[PDB]
Amino acid sequence: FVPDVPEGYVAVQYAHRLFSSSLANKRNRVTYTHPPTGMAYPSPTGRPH
Amino acid sequence: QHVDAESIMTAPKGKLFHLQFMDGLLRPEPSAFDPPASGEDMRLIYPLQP
Amino acid sequence: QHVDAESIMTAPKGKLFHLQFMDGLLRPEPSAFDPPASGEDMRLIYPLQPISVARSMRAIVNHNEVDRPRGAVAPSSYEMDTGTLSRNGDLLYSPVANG
């Protein structure tokens with residue numbers, strides 16, 4: 001079994017560029033900037049599929 | 001001290017719980033160059049009233 | 001270590017001085033709520049010419065707000081062009097264009 005990828009998901013090549021340090025609520029988060037829209041996401045939760 | 005969900009969910013109706021809530025107004029900012037730590041802090045149990 | 005003006009002003013002309021200069025790029029910021037301290041730091045003696053002509057890289061850290069630290073310097077491209085040994089035996093940088 002290989003789980004099928006759900007309809008809403010966007011494919012993203014990994015790159016060192018995608019992740020960075022950033023300030024967010026008084027700590028340095030491992031932010032993931034998201035290439036389709038460019039939104040930064042300091043928290044692991046709440047990120048786009 | 002902390003309060004397990006196990007007790008919040010299974011205690012006699014008259015129990016007086018004691019929740020603690022940090023006021024984070026005065027938490028120090030990290031230095032601009034310090035590398036990120038890994039985990040997230042989480043709060044499972046919230047007040048219904050101020 | 002430090003250098004008195006008394007010596008900078010009264011030494012034989014051939015003396016080799018050794019000045020020290022802090023690079024303050026990475027000084028930590030004070031917490032927002034910490035009360036002020038009192039005195040000022042002062043520098044009486046300055047270079048007439050750039051120091052750190054030898055510098056190749058600076059501030060290999062990343063800022064958490066701006067995309068690159070103010071004043072951070074990347075290594076020059078020439079540090080990295082192995083290029084070729086010419087048939088003569090002289091080293092060469094890689095050609096910038098065809099032909």
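As a convention, Cβ positions derive from the backbone with ideal geometry for all residues, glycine included, and neighbour counts pool all protein chains shown. Computed from the coordinates by the stated procedures, all read-outs in this text should not be read as laboratory data.
Scan (1) touching a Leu at 6+ places or on another chain (Cβ under 9 Å); (2) more than 30 Å from residue A:38 (Cβ to Cβ) for the single condition residue C:17 breaks and write down its number.
Unmet condition: (1).
Residues checked against (1) closer than 28 Å to residue C:60 by Cβ; (2) among the aliphatic types (A, V, I, L, M):
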residue	(1), (2)
C:5	no, yes
C:13	no, no
C:17	no, no
C:20	yes, no
C:28	yes, no
C:39	no, no
C:43	yes, no
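Quick check on the range C:60-79. Is at least one of its residues of a type in the set (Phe, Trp, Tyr) and either assigned to a loop (DSSP other than H, G, I, E, B) or in contact (Cβ under 8 Å) with a residue 40 or more places away in the chain (or both)?
Taking every residue of the range C:60-79 in turn, none turns out to be of a type in the set (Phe, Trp, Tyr) and either assigned to a loop (DSSP other than H, G, I, E, B) or in contact (Cβ under 8 Å) with a residue 40 or more places away in the chain (or both).
For the range C:76-90: of the residues being surrounded by 10 or more Cβ atoms within 10 Å (Cβ to Cβ) and either farther than 30 Å from residue C:61 by Cβ or of a type outside the set (D, E, K, R) (or both), which is nearest to the chain's Cα centre (by Cα)?
C:76
For residue B:33, all conditions in the list (1) under 30 Å from residue C:32 (Cα atoms); (2) away from every other protein chain (no Cβ under 14 Å); (3) among the aromatic types (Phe, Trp, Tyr); (4) without any contact (Cβ under 8 Å) to a residue 24 or more places away in the chain hold save one; what is the number of the exception?
(2)
Let's see how each residue does on (1) more than 30 Å from residue C:69 (Cα to Cα); (2) of a type in the set (D, E, K, R); (3) surrounded by 10 or more Cβ atoms within 10 Å (Cβ to Cβ); (4) away from chain C (no Cβ under 14 Å):
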residue: B:6; (1), (2), (3), (4): yes, yes, no, yes
residue: B:18; (1), (2), (3), (4): yes, no, no, yes
residue: B:38; (1), (2), (3), (4): no, no, no, yes
residue: B:41; (1), (2), (3), (4): no, yes, no, yes
residue: B:49; (1), (2), (3), (4): yes, no, no, yes
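Could you please find all residues in the range A:5-42 being under 22 Å from residue C:68 (Cβ atoms) and of a type in the set (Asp, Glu)?
Answer for the range A:5-42, where residues must be under 22 Å from residue C:68 (Cβ atoms) and of a type in the set (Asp, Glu): there is none.
Matching residues to (1) under 30 Å from residue A:21 (Cα atoms); (2) in a helix (DSSP H, G or I); (3) over 18 Å from the mean Cα position of the chain (by Cα):
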{"position": "B:3", "(1), (2), (3)": "no, no, no"}
{"position": "B:11", "(1), (2), (3)": "no, no, yes"}
{"position": "B:14", "(1), (2), (3)": "no, no, yes"}
{"position": "B:22", "(1), (2), (3)": "yes, no, no"}
{"position": "B:25", "(1), (2), (3)": "yes, yes, no"}
{"position": "B:43", "(1), (2), (3)": "yes, no, no"}
{"position": "B:49", "(1), (2), (3)": "no, no, no"}
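So which residues in the range C:51-73 are away from chain B (no Cβ under 14 Å) and in contact with a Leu (Cβ under 9 Å, 6 or more places away or on another chain), if there are any at all?
The answer is C:51, and nothing else.
Condition check ((1) within 12 Å of chain B (Cβ to nearest Cβ); (2) within 20 Å of residue B:28 (Cα to Cα)) across all residues:
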position	(1), (2)
A:9	no, no
A:13	no, no
A:18	no, no
A:26	yes, yes
A:32	yes, no
A:39	no, no
A:43	yes, yes
A:48	no, no
